[PDB]
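Trainee: Before anything else, here's the structure in question.
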Amino acid sequence: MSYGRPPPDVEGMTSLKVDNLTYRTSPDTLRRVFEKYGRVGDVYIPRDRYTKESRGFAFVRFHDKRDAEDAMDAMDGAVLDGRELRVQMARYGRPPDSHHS
RNA sequence: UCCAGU
């Protein structure tokens, strides 16, 4: 499909995430926009998996605390084009059933 | 608006 699967390092990943962007932003943008902070070790857009069109948000991520702390110290509260940005540490490894089994 | 993907 797209992107690349999470690394085999979830046993110590910093798991920072990023959201709140616009319905007009795109993942190639956030990939490069956040790559400068050190390591955009992952990025995703779980918009849907049956209609793939919500695109109202994204999930940029980091795996090292030094680049993750800067990423939120400089993107939390920013403005893409007229709304706010959000970035903070995750709370789960991944959703348990958003795609059923 | 916490991932459903190499």
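Trainee: Expressed in nm to one decimal, what extension gain is obtained for the pair A:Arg83 and A:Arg49 from 0.36 nm per residue of sequence separation less their Cα-Cα distance?
Mentor: Values: separation 34, 0.36 × 34 = 12.24 nm, distance 2.58 nm.
Between A:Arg83 and A:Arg49, full extension yields 9.7 nm more.
Trainee: Just the C-alpha atoms of chain A: what Rg/Rh do they give, with Rh taken as the Kirkwood radius? Walk me through the numbers before you get to the answer.
Mentor: Working: Rg = 13.4 Å, Rh = 14.1 Å.
In chain A, Rg relative to Rh is 0.95.
Trainee: Then there is this: Give the residue from A:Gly56, A:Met13, A:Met75 lying farthest towards the positive end of the charge dipole for chain A; charges sit on Cβ (+1 for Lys and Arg, -1 for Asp and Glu) and the dipole is referred to the Cα centre.
Mentor: A:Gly56
Trainee: At what distance in nm do the modelled label points of A:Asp76 and A:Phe57 sit from each other, each positioned 7 Å from its Cα along Cα→Cβ?
Mentor: Each label point lies 7 Å from its Cα, and together they span 1.6 nm.
Trainee: While we're looking at this one, here's another question. Could you size up the charge dipole of chain A around its Cα centre, putting +1 on the beta carbon of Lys and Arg and -1 on that of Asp and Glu, and report it in debye to the nearest 20?
Mentor: Values: 18 positive and 17 negative charges, 63 e Å.
Using Cβ point charges on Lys, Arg, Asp and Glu, chain A gives about 300 debye.
Trainee: Calculate the tail of P(r) for region A:1-57: the fraction of all Cα-Cα distances greater than 13 Å, expressed in %.
Mentor: Values: 1046 of 1596 pairs.
In whole percent, the share of Cα-Cα pairs in region A:1-57 beyond 13 Å is 66.
Trainee: What does the helix-only formula give at 222 nm for chain A: each DSSP H stretch with n ≥ 4 adding -39500 (n - 2.57), the total divided by the residues, and the result rounded to the nearest 500 deg cm²/dmol? Walk me through the numbers before you get to the answer.
Mentor: Numbers: 2 runs with 20 residues, N = 101.
One gets -6000 deg cm²/dmol as the mean residue ellipticity at 222 nm.
Trainee: Take the Cα gyration tensor of region A:51-98, multiply each eigenvalue by 5, square-root it, and list the three semi-axes largest first, rounded to whole angstrom. Before the final figure, lay out the partial values.
Mentor: Working: eigenvalues 88, 69, 12 Å².
Ellipsoid half-lengths, sorted descending, are 21, 19, 8 Å.
Note that each Cβ is placed from the backbone with ideal geometry, even for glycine, and that neighbours are counted across all protein chains shown. Readers should treat all values here as calculations from the given coordinates under stated rules, not as data from a laboratory.
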